[PDB]
There are 2 protein chains.
Amino acid sequence: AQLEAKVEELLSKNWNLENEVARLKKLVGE
Amino acid sequence: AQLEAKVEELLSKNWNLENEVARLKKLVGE
Ligand code: NA
Ligand code: NA
Ligand code: NA
Ligand code: NA
């Protein structure tokens, strides 16, 4: 179902955001 | 169902992350 795809998009989006925040933390030494 | 709560937690988490990234962008003038 297309509902599964939207849940997968949310999961992917949260991973991308978490990984961005992680990279920023490593940049500013945190 | 508890499934609804977990989907709500994901949505909330993505909003919190998006808002953090937005605040960081405003800080560094972007
Ligand atoms: Na990903
Ligand atoms: Na992650
Ligand atoms: Na929120
Ligand atoms: Na938002």
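No Cβ is skipped: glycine too gets one built from the backbone with ideal geometry, and neighbour counts run over all protein chains shown. What follows is calculated from the coordinates using simple rules that are stated; it is not laboratory data.
What the table shows:
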read-out	value
Number of partner chain Cβ atoms within 10 Å, mean per residue of B:9-18	3
For the axis carrying chain A to chain B: nearest C-beta residue of A, whole Å	A:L17, 2
Net charge of Cβ neighbours under 11 Å - reference A:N16; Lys, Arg +1; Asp, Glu -1	-2
Highest average packing first - B:8-21, A:2-15, Cβ atoms within 10 Å	B:8-21, A:2-15
Copies compared at A:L11 - label distances in nm, ascending, label defined 7 Å from Cα in the Cβ direction	1.9
